[PDB]
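Student: Experimental structure and its sequence below.
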Protein chains: 2
Amino acid sequence: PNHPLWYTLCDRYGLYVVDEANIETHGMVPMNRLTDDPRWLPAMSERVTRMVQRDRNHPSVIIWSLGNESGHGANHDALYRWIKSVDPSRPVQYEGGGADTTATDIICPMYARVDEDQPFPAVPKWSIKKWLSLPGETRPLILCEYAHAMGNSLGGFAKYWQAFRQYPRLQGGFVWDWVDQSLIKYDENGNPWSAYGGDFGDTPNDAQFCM
Amino acid sequence: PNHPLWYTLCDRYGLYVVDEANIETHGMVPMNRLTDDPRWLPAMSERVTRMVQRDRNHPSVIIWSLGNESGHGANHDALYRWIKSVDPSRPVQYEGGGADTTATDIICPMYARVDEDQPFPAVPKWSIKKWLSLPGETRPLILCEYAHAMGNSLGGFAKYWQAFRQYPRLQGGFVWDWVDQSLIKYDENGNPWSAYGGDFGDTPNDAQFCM
Ligand code: NA
Ligand code: NA
Ligand code: NA
Ligand code: NA
């Protein structure tokens, strides 16, 4: 959940917002170890319910998100239903566990390619055109993350947009991401320079992967 | 419907057959002028019902077809229902009127392309990958006709098969077609030569389009 003023600005300047609960357990093994554990349901539910209770009147918020990279747990299904019950005005999405589980109204993969499949075991990232028509599937597809803009990047960006425009159910996505997470540091001469992972003695760290 | 022996051979050698009613009114303007006329329902009903009564015991027949290029008329919906009722053992397909009407259990376009759309008014030919995911569509897609093998052709054939194998609901198609419809004529020397449209004094005619 963002600083309260962000939603007011989006309401006024006009930007569609996906409000996401502060829940990410990426480092767990497997990713859903905690989210599928009934003992963590209470902590998770407050992160979802208190978000909804705070931002439910903002017109800019058009979609609720259960969080990020926490696999797919029964806690997600429970909280998904909680929202649908409390606020039927907004669709609920969540990418964890395969991007098309029972906890999301929208097929929302991260980095699924336009034409090329990535048949990872359990959590495959199908070509987005193919994903749409898998037997039984009918939901819309909007990538929660795509076109990773790390450094000299965004190659193949036009391929996505040609697809978004030709396929009615391919409704876009959110580029990753807006601003480099670099921090300022000063050399002996007092001159500032852009720093990243490990430049503060922090270790282990993931170097430039924060930009 | 073919010579009765054809089905016996397909039963024994093993070939899946699409048994098609002898109904094509391509030359009408518009194409469904007769098929939407209840006065031609009796004549059309006999061509469909008598086909089913004759061939319903052949295992090789797995799909019934209401005919070809006769647009889409109410007579089609009526006969489609008649078959579903008397023989639920086989799906029913028909391409007229857009290839995805209420008269077909299978999206069966002719010459629809793999990635390229052909947005003709009323009866568009969407790219087959896109056709599958159109809002609300759930049926399987099998081209009743594709890869027109006229003369030096079949360029791009590989493109269809790459698509057929990547998309579960793209289940193939029927190439058009098997054998050139050329006829044997004899020159002065008495040597035989392959003849086509117009070589018999027939006029108007469509020349080599029969091969
Ligand atoms: Na679209
Ligand atoms: Na990163
Ligand atoms: Na297929
Ligand atoms: Na022809």
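Tutor: Looks like it came in fine. Numbers count the residues shown, from 1 in each chain, chains lettered A, B, ... in the order given. Ligands and ions are numbered 1, 2, ... in the order given.
Student: Break down chain A into its helices, ranges please.
Tutor: Under the criterion DSSP state H, chain A contains helices at A:5-9, A:41-55, A:74-86, A:128-132, A:157-166.
Student: Run through who's touching the last one.
Tutor: Going back to what we said before, that points to helix A:157-166. With contact meaning Cβ atoms under 8 Å, 6 or more residues apart in numbering or on different chains, helix A:157-166 is reached by A:114-115, A:128-129, A:146-147, A:170-173, B:117, B:127, B:130. In this view, the C-beta of every residue, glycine as well, is placed from N, C-alpha and C.
Student: Select only the buried ones of those in ChimeraX?
Tutor: Typed into ChimeraX, the line below selects the buried ones among those, using 16 or more other Cβ atoms under 10 Å in any protein chain shown:
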select /A:114,128,129,146,147,170,172,173 /B:127,130
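Student: Residue B:126 versus residue A:163, what's the distance?
Tutor: Separation of residue A:163 from residue B:126 (Cβ to Cβ, to the nearest Å): 14 Å.
Student: between those two, who's got more neighbours?
Tutor: Set residue A:163 next to residue B:126 and count neighbours by other Cβ atoms under 10 Å in any protein chain shown: residue B:126 wins out with 24 against 18.
Student: Just want the most central residue of chain A.
Tutor: In chain A, the centroid-proximal residue (Cα atoms, centre = their mean) is residue A:144; its distance is 4.6 Å.
Student: My read is that that residue contacts residue A:108, right?
Tutor: Yes - if you go by Cβ atoms under 8 Å, residue A:144 and residue A:108 touch, sitting 4.3 Å apart.
Student: what touches both of those two?
Tutor: Both residue A:144 and residue A:108 are contacted by A:93, A:95, A:99, under the criterion Cβ under 8 Å, 6+ apart.
Student: Highest neighbour count among those residues?
Tutor: residue A:95 (26 neighbours).
Student: could you list every residue that touches residue A:24?
Tutor: Contact analysis of residue A:24 by Cβ under 8 Å, 6+ apart lists A:67, A:68, A:69, A:70.
Student: Now the two most distant members of those residues.
Tutor: A:67 and A:69 (7.9 Å; Cβ to Cβ).
Student: the more surrounded of the two?
Tutor: Applying other Cβ under 10 Å to residue A:67 and residue A:69 shows that residue A:67 carries more neighbours, namely 21 against 14.
Student: how far away is that one from residue B:140?
Tutor: Residue A:67 is 36 Å from residue B:140, by Cβ to Cβ.
Student: Fine, thanks again, bye for now.
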